[PDB]
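Mapping of the sequence shown onto PDB author numbering: residues 36 to 142, 146 to 467, in sequence order.
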Amino acid sequence: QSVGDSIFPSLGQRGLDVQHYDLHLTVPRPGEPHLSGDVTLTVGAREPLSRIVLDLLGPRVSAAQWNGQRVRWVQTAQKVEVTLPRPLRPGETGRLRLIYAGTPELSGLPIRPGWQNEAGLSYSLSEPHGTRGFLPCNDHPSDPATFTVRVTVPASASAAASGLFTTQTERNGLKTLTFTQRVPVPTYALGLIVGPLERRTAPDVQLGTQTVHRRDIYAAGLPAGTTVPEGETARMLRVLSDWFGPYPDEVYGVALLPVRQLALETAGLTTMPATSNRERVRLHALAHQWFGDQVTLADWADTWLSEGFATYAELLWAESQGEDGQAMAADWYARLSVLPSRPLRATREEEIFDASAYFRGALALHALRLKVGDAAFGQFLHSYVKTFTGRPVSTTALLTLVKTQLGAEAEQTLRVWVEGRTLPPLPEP
Ligand SMILES: N[C@@H](Cc1ccc(O)cc1)C(=O)O
Ligand code: NA
Ligand SMILES: [Zn+2]
């Protein structure tokens with residue numbers, strides 16, 4: 036039935052491949068949760084599907100169509116179930132349109151994820167499973183998709199979503215802005231912010247033959263000194279892309295909010311509360327554009343593949359800026375040595391964003407790197423991103439790739455960090 040996630044066993048639909056969300060979201064009063072939505076999903080299937088089953092938590096569906104025709108549907112508990120006129124089979128696609136309105140609901147986690155409302159702002163901060171609050175979706179990272187979003191807001195407000203901004207139209211005191219996310223990312227990586235905000239472009243960044251556009255969002259009311267330092271994002275894109283491969287998206291920037299919250303690596307536009315706005319955090323979120331947004335999780339138990347890689351990116355950045363990488367690893371280790379440890383595959387919701395997922399995962403990569411040397415390690419990161427582009431990653435699959443690409447000894451080095459209940463000793467040269 037569901038995707039069968041080991042942590043969130045009810046989310047998603049087994050076999051469903053949502054390929055594109057075409058969302059028209061209308062927010063009448065930014066900062067208050069009520070909203071209305073009109074979305075068309077382009078869906079395929081990995082196995083014959085007799086129904087399309089989507090996650091939805093709060094809003095109520097009022098109408099549904101399949102390929103532009105009337106269709107049988109029911110909203111039950113936390114799902115919308117659409118009965119198809121005949122099975123959707125692999126290689127076919129159909130267009131599921133849903134009209135809905137109401138109040139998104141917020142879901146051991148670091149935050150209560152979903153559609154946030156505070157201080158005249160409404161915005162998605164939905165990792166892991168909050169997007170279903172404001173968007174009927176297959177809400178699981180194993181099924182990324184592209185997004186086209188039209189956001190309608192009062193004329194006095196503005197909006198920003200993941201994807202290149204094209205047009206803004208206005209009538210009867212309402213503005214509609216269109217954003218196009220052209221590379222597929224998980225549902226929670228869809229950035230979407232409405233309220234008093236301004237879009238500010240910066241010069242394109244050249245990464246060899248690749249061009250990366252630049253823009254940041256500045257919400258009104260930011261603390262004095264809330265900035266994106268000039269030249270920094272270009273330097274980071276160069277350092278990380280030289281380690282990981284081409285930047286996966288068409289644009290990058292941050293959306294700075296005057297709120298007090300964790301930063302989230304929403305696609306091409308990181309949602310950045312000002313309280314988290316630090317150089318290392320900006321690097322970390324940019325690293326997620328590869329590790330989490332492009333390379334997506336098959337199962338929420340494997341969050342260390344996102345958080346541990348993004349954390350290790352901080353050490354690569356530090357070294358690129360002349361700092362001592364081994365000292366940073368020792369800092370990570372000192373932090374863990376007085377905390378409980380766990381194998382890296384999580385078994386409980388409380389664990390998926392705990393210290394082990396970030397810092398034990400990063401030290402696992404440090405151990406691997408020290409085993410194989412920097413040339414092999416960088417080649418491996420390139421191969422890893424390629425191997426798991428279009429294919430959700432797992433801890434088992436990573437170990438297989440290390441074994442085949444780097445050999446049995448390297449796999450054993452990583453496995454000691456992946457498995458085992460006690461914290462291994464600090465990896466040293
Ligand atoms: N992904 C964030 C942590 C986070 C998790 C869930 C959220 O809803 C928000 C933020 C990080 O990189 O640290
Ligand atoms: Na998909
Ligand atoms: Zn992270």
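Note that beta-carbon positions come from the ideal geometry of N, C-alpha and C, so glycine has one too.
Terminal residues of the continuous beta strand (DSSP E) containing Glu345?
Numbered from its first residue, the sequence shown carries residue 345 at position 307. That residue, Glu345, is in no beta strand (DSSP E); its alpha helix (DSSP H) goes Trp342 to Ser358.
8 Å contact criterion, which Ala193 and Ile231 should meet: CB distance rounded:
Taking the first residue of the sequence shown as position 1, residue 193 is located at position 155. Taking the first residue of the sequence shown as position 1, residue 231 is located at position 193. Actually they are not in contact, since the Cβ atoms of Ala193 and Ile231 sit about 17 Å apart, beyond 8 Å.
Have a look at the DSSP bridge pairing and note the partners of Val88.
The count along the sequence shown starts at 1 and reaches residue 88 at position 53. DSSP, once it has assigned bridges, lists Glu116 as partnering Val88.
So, with DSSP's three-state summary, where would you put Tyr135?
Your numbering for residue 135 matches position 100 in the sequence shown. In this structure, DSSP gives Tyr135 an extended state, which the three-state scheme calls strand.
For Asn155, count neighbouring C-beta atoms within 10 Å of its own C-beta (all shown protein chains included) and say buried if the count is 16 or more, exposed if not.
Within the sequence shown, residue 155 is the residue found at index 117, counting from 1. Classification for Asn155: buried.
Is the number of C-beta pairs between the region 209-220 and the region 323-341 that are closer than 8 Å three or more?
The answer is no - the region 323-341 does not touch the region 209-220, with fewer than three Cβ pairs under 8 Å.
First through last residue of the beta strand (DSSP E) which encompasses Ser421:
Position 383 of the sequence shown, counted from the first residue, corresponds to residue 421. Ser421 -> not in any beta strand (DSSP E); alpha helix (DSSP H) instead, spanning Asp412 to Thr425.
Which residues have their C-beta within less than 7 Å of a heavy atom of ligand 2, listed in chain order?
Screening all residues for a C-beta within a distance smaller than 7 Å of any heavy atom in ligand 2 leaves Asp52, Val53, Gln54, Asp181, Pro182, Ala183 and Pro222, in chain order.
Checking the sheet assignment: what are the DSSP bridge partners for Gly129?
For the purposes of this step, residue 129 is identified with residue 94 of the sequence shown, where counting begins at 1. As DSSP reads the structure, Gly129 sits in a beta bridge with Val78.
Measuring only the C-alpha atoms, how far is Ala262 from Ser421?
Reading the sequence shown from its first residue, position 224 is the one you call residue 262. Reading the sequence shown from its first residue, position 383 is the one you call residue 421. Approximately 42 Å, taken between the alpha carbons.
Pairwise C-alpha distance: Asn176 and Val187
Counting from one through the sequence shown, the residue named residue 187 turns up at place 149. Counting from one through the sequence shown, the residue named residue 176 turns up at place 138. Going by the C-alpha atoms only, they are around 17 Å apart.
Residues near ligand 3, criterion Cβ-heavy atom distance below 6 Å
The answer, residue by residue, is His322, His326, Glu345 and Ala348.
Quick test of the definition: if touching needs 3 or more C-beta pairs under 8 Å, does the region 114-128 touch the region 81-92?
The region 114-128, when compared against the region 81-92, does touch it at the 8 Å Cβ threshold.
Where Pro378 and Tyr371 are concerned, what is the direct C-alpha to C-alpha distance, given to the nearest angstrom?
Locating residue 378 in the sequence shown gives position 340, counting from the first residue. Locating residue 371 in the sequence shown gives position 333, counting from the first residue. Taking the straight line joining both Cα atoms gives about 12 Å.
Spatial neighbours of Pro381 in its chain, beta-carbon cut-off 7 Å, leaving aside the 5 residues before and after:
Translated into positions along the sequence shown, residue 381 becomes position 343. Taken in chain order, the residues that qualify are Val456, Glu457, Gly458 and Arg459.
So is the beta-carbon of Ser164 under 8 Å away from any non-hydrogen atom of ligand 1?
On the sequence shown, position 126 is the one that residue 164 refers to. True, at least one ligand heavy atom lies under 8 Å from that Cβ.
For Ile134 and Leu300, which I take to be in contact (beta-carbon distance under 8 Å), what is that distance rounded to the nearest angstrom?
On the sequence shown, residue 134 is found 99 positions in, with the first residue counted as 1. On the sequence shown, residue 300 is found 262 positions in, with the first residue counted as 1. The C-beta separation of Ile134 from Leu300 comes to about 33 Å, leaving the pair out of contact by the 8 Å criterion.
Express the C-alpha separation of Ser279 and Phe415 in angstroms, rounding to a whole number.
The residue given as residue 415 occupies position 377 in the sequence shown. The residue given as residue 279 occupies position 241 in the sequence shown. In a straight line, the C-alpha of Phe415 is about 14 Å away from that of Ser279.
Compute the minimum distance between the beta carbon of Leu141 and the heavy atoms of ligand 1, and state whether it is under 8 Å.
As a first step, residue 141 must be located in the sequence shown, where it is residue number 106. Checking every heavy atom of ligand 1 against the Cβ of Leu141, none is found closer than 8 Å.
For ligand 1, any of its heavy atoms closer than 8 Å to the Cβ of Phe391?
Against the sequence shown, residue 391 aligns to sequence position 353. Because some heavy atom of ligand 1 lies under 8 Å away, the Cβ of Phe391 counts as near it: yes.
With distances taken between CB atoms, is the gap from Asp340 to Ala305 smaller than 9 Å?
Here residue 340 refers to the residue found at position 302 when the sequence shown is read from its first residue. Here residue 305 refers to the residue found at position 267 when the sequence shown is read from its first residue. No.
I need the straight-line Cα distance from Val78 to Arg132, nearest angstrom please.
Looking up residue 78 in the sequence shown gives position 43. Looking up residue 132 in the sequence shown gives position 97. Rounded to the nearest whole angstrom, the C-alpha separation of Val78 and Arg132 is 11 Å.
Restricting to Cα atoms, I'd like to know which of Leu228, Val62 and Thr249 is closest to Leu212.
In the sequence shown, counting from the first residue as 1, residue 212 sits at position 174. Comparing Cα positions, the closest option is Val62.
Within this structure, are the beta carbons of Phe426 and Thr334 separated by less than 9 Å?
Here residue 426 refers to the residue found at position 388 when the sequence shown is read from its first residue. Here residue 334 refers to the residue found at position 296 when the sequence shown is read from its first residue. In this structure, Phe426 lies near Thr334, with their beta-carbon atoms less than 9 Å apart.
When you compare the region 264-282 with the region 290-297, are there three or more beta-carbon pairs, one atom per stretch, that lie closer than 8 Å?
Contact between the region 264-282 and the region 290-297 is present, because at least three Cβ pairs lie under 8 Å.
Could you have a look at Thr205 and say whether DSSP puts it in helix, strand or coil?
Here the question's residue 205 lines up with position 167 in the sequence shown. In this structure, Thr205 counts as strand in the three-state DSSP scheme.
From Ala157 to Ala393, what does the alpha carbon distance come to, in whole angstroms?
Position 119 of the sequence shown, counting from 1, holds the residue named residue 157. Position 355 of the sequence shown, counting from 1, holds the residue named residue 393. It is roughly 31 Å from the alpha-carbon of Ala157 to the alpha-carbon of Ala393.
Taking the runs of the beta strand (DSSP E) that are 3 residues or longer, which of them lie wholly in the region 183-263?
The DSSP assignment places complete beta strand (DSSP E) segments of no fewer than 3 residues inside the region 183-263 at 183-192, 196-199, 202-209, 212-223, 230-233, 235-245 and 248-257, in order along the chain.
For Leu300, is the beta carbon positioned less than 8 Å from some heavy atom of ligand 1?
Here residue 300 refers to the residue found at position 262 when the sequence shown is read from its first residue. Indeed, a heavy atom of ligand 1 lies less than 8 Å from the Cβ.
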